[PDB]
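A closer look at the structure
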Amino acid sequence: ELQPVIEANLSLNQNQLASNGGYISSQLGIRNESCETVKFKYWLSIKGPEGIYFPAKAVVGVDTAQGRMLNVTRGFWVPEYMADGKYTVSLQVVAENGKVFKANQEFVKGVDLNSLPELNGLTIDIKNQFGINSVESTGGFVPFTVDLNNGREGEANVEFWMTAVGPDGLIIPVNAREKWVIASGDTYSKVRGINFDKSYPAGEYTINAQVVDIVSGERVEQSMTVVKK
Amino acid sequence: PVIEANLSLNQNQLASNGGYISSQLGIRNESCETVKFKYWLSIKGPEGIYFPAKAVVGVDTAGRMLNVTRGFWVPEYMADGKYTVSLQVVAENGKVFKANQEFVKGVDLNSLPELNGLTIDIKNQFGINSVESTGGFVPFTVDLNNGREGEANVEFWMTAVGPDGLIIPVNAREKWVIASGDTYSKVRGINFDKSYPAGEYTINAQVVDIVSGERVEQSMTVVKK
């Protein structure tokens with residue numbers, strides 16, 4: 001009916017685990033509503049803190065069919081030893097013609113679902129300022145806000161930096177490593193952008209910010225996706 | 001070509017308390033035409049670490065050669081393990097050039113990754129660094145040698161982290177019991193279907209000691225043309 005070849009969707013039965021982990025049941029929906037049938041491969045994977053990536057469901061090839069609808073329930077355990085923090089579950093589909101379709105859902109382990117990432121009282125609030133998820137192939141610019149609020153009774157000493165982790169193994173500097181001293185009660189604020197020059201390769205860029213407490217050595221990250229068309 | 005990139009480090013091995021590394025950057029334009037590009041210096045480390053060492057700079061050979069010295073501190077609090085320093089260049093026409101050097105922190109330079117006596121030896125079996133755009137298959141060897149006195153209990157898995165945010169399962173999570181003195185060995189490959197997008201895939205193996213909770217990683221690159 002002149003529609004997209006594939007529509008993927010994903011829901012999780014639950015999305016906040018305690019520190020000792022637990023089980024999450026995923027519902028996977030893949031529909032082929034377009035006029036013609038389609039072949040694709042799909043799978044389910046998870047991205048986590050500290051460079052964690054793990055599979056939840058193996059690659060399966062589908063000829064749909066002989067339109068058609070696909071509904072799968074797939075559960076997975078998240079063991080206690082996996083790092084506490086934010087996780088993304090991603091149902092991923094690649095069509096025969098190379099088109100990629102993804103449906104993502106987030107869950108958290110050991111932290112509150114809506115709480116800011118933090119280093120023991122120092123909260124780290126880093127955002128895509130205007131919610132700009134992609135830029136034209138001819139180039140675009142995306143600003144990020146950075147607000148660190150020190151809720152400790154003592155001053156905080158952190159090191160901060162940002163990169164854009166992209167196609168072709170590119171790791172583009174976004175913010176050089178800086179050291180900040182943040183008095184108790186104060187908030188360190190800045191805005192920092194990245195120009196995606198037209199020459200940069202098309203694909204997905206992970207804008208990655210990292211903050212380290214220089215005293216404790218504790219490190220926390222905030223990742224944000226921008227696609228260059 | 002149009003661009004040649006070269007990178008060297010004055011030091012390869014850091015103790016856990018960190019240290020300072022000086023790098024020599026070389027970018028050469030042998031091409032018959034002058035060339036316009038941007039370059040920078042970045043580091044990939046363990047546990048999701050990425051950090052910059054030299055900001056984006058626009059350059060127009062107006063060809064000729066560029067030589068730069070660039071040092072950087074690696075403080076004590078950065079995770080021990082294996083780091084990759086990468087001089088990267090993107091020319092005006094979108095062509096990408098990279099020169100890489102490895103360094104280590106708190107571990108021997110030529111040491112297998114390990115979990116306290118249990119060594120993890122994971123390799124691209126036949127040294128196949130790329131596959132055609134019409135598709136190819138790459139097998140990997142997996143050898144876990146338990147040097148400990150007691151048995152080891154681990155969970156193991158692999159994915160391929162690729163373009164377009166793809167995270168393709170390569171080996172499902174499985175749990176192994178490895179007696180003292182024994183080696184667990186397998187071979188596991190990944191098919192890069194024709195339909196998968198062109199670009200860089202990181203084949204990523206992770207192994208967790210179920211008892212200690214300690215996790216270690218081995219990454220290997222395959223490029224789909």
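Calculation notes
- Residues numbered from 1 in each chain as written, not as in the entry; some residues may be left out.
- Chains lettered and ligands numbered in written order.
- Heavy atoms only, no water.
- Core = buried A, V, L, I, M, F, W, Y, C linked by side-chain atoms within 4.5 Å.
- Buried < 20%, exposed > 50% of the residue type's maximum accessible area, 1.4 Å probe, protein only.
- Helix = DSSP H or I, 4+ residues; strand = E, 2+ residues; numbered from the N terminus.
- Contact = heavy atoms within 4.5 Å.
- Buried area = accessible area lost by both parts, 1.4 Å probe.
- Salt bridge = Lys/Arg side-chain N within 4 Å of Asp/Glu carboxyl O.
- Nonpolar A, V, L, I, M, F, W, Y, C, P; charged D, E, K, R; others polar.
- Domains from an automatic or database assignment.
- Pairing = 2+ DSSP bridges.

Per the deposited record, the coordinates in this entry were obtained by X-ray crystallography to a resolution of 2.16 Å.

Take the nonpolar core next. With 33 residues, the main nonpolar core has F37, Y39 and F103 of chain B as its most contacted residues. Looking at this core, the elements that each hand over two or more residues are β1 (4–9), β3 (19–28), β4 (36–44), β5 (50–60), β6 (65–74), β7 (81–91) and β8 (96–105) of chain B. The greatest single-element share of this core, amounting to 5 residues, is contributed by β7 of chain B. When residues no more than four places from it in sequence are discounted, the contact partners of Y39 of chain B are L25, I27, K54, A55, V56, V57, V59, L66, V68, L87, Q88 and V89 of chain B. Within the second largest apolar cluster, 32 residues are counted, among which are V38, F40, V78 and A83 of chain A.

Next up on the list: the interface of chain B and chain A. Listed by partner, the interface residues are 53 residues for chain B and 55 residues for chain A. Regarding the contact of chain B and chain A, the summed buried area is about 4,300 Å², with carbon and sulfur atoms giving 63% of it. Ranking the residues of chain B by area buried against chain A places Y50, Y77 and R173 of chain B at the top, with a combined share of 17%. Between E47 of chain B and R219 of chain A there is a salt bridge, with the nearest N and O atoms lying 3.9 Å from each other. Classifying every residue of the side of chain B that touches chain A by side-chain character gives 28 nonpolar, 11 polar and 14 charged.

What follows concerns the domain arrangement of chain B. All names here are of chain B. According to the domain assignment, chain B consists of domain 1 (1–112) and domain 2 (113–225). Listed per partner, the contact involves 4 residues of domain 1 and 7 residues of domain 2. Carbon and sulfur atoms supply 52% of the area that domain 1 and domain 2 bury against each other, a total of about 420 Å² over both sides. When the buried area of domain 1 at its contact with domain 2 is split by residue, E47, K98 and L112 rank highest and sum to 88% of it. Joining domain 1 to domain 2, the criterion identifies 1 salt bridge. The partner of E200 in a salt bridge is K98, with the nearest N and O atoms 3.0 Å apart. Broken down by class, the residue content of the side of domain 1 that touches domain 2 amounts to 1 nonpolar, 1 polar and 2 charged.

Residue and element names in this part refer to chain B. Only one face of β1 is covered, namely the one carrying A5, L7 and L9; the face carrying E4, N6 and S8 has none of its residues buried. Bridge analysis of β1 against β3 gives 6 bridges, and the strand direction is antiparallel. Counterpart to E4 in the pairing with β3 is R28.

A word on the pattern of salt bridges. Residues and elements named next belong to chain A. The full count for this structure, using the stated rule, is 21 salt bridges over all chains. A salt bridge links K109 to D84, with the nearest nitrogen and oxygen atoms 2.8 Å apart. With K109 in strand β8 (residues 100–109) and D84 in the loop between β6 (68–78) and β7 (85–95), the pair connects residues that are 25 residues apart, well separated along the chain. Here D84 falls in the partly exposed class, since its relative accessible area comes to 36%. Within the structure, one salt-bridge network assembled from shared partners comprises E7, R31 and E33.

Moving on to the domain arrangement of chain A. Residue and element names in this part refer to chain A. Here chain A is described as being made up of domain 1 (1–116) and domain 2 (117–229). Here the C-alpha centroids of domain 1 and domain 2 sit 26 Å apart. On the domain 2 side, the residues contacting the 5 residues of domain 1 number 9 residues. Both sides of the domain 1 and domain 2 interface together cover about 490 Å² of buried area, and 48% of this is carbon and sulfur. Its largest share of buried area at the contact with domain 2, domain 1 owes to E50, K86 and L116, together 79% of the area lost on that side. Joining domain 1 to domain 2, the criterion identifies 1 salt bridge. Two residues, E204 and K102, come together in a salt bridge whose shortest N-O distance is 3.0 Å. Here the side of domain 1 that touches domain 2 is composed, by residue class, of 1 nonpolar, 1 polar and 3 charged.

Before going further, it helps to spend a moment on the sheet that holds strand β2 (residues 16–17) of chain A. Taken in spatial order, the 5 strands line up as β2-β8-β7-β4-β5 (chain A) in an open sheet, and their pairing is mixed. Both edges of this open sheet fall to β2 and β5 (53–64) of chain A, since each of them pairs with a single strand only.

Residue and element names in this part refer to chain A. Only one face of strand β17 (residues 219–228) is buried, namely the one carrying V220, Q222, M224, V226 and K228, since none of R219, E221, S223, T225 and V227 on the opposite face is buried. Pairing of strand β11 (residues 134–135) with β17, which is carried by 2 bridges, proceeds in the parallel orientation. Bridge pairing in β17 links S134 to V227. Note that strand β16 (residues 203–213) and β17 share 10 bridges and pair antiparallel. Looking at the pairing, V212 lines up with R219 of β17. Turn length for the β16-β17 hairpin, with the two strands adjacent in sequence and antiparallel, is 5 residues, and the turn residue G217 shows positive phi of about 90 degrees.

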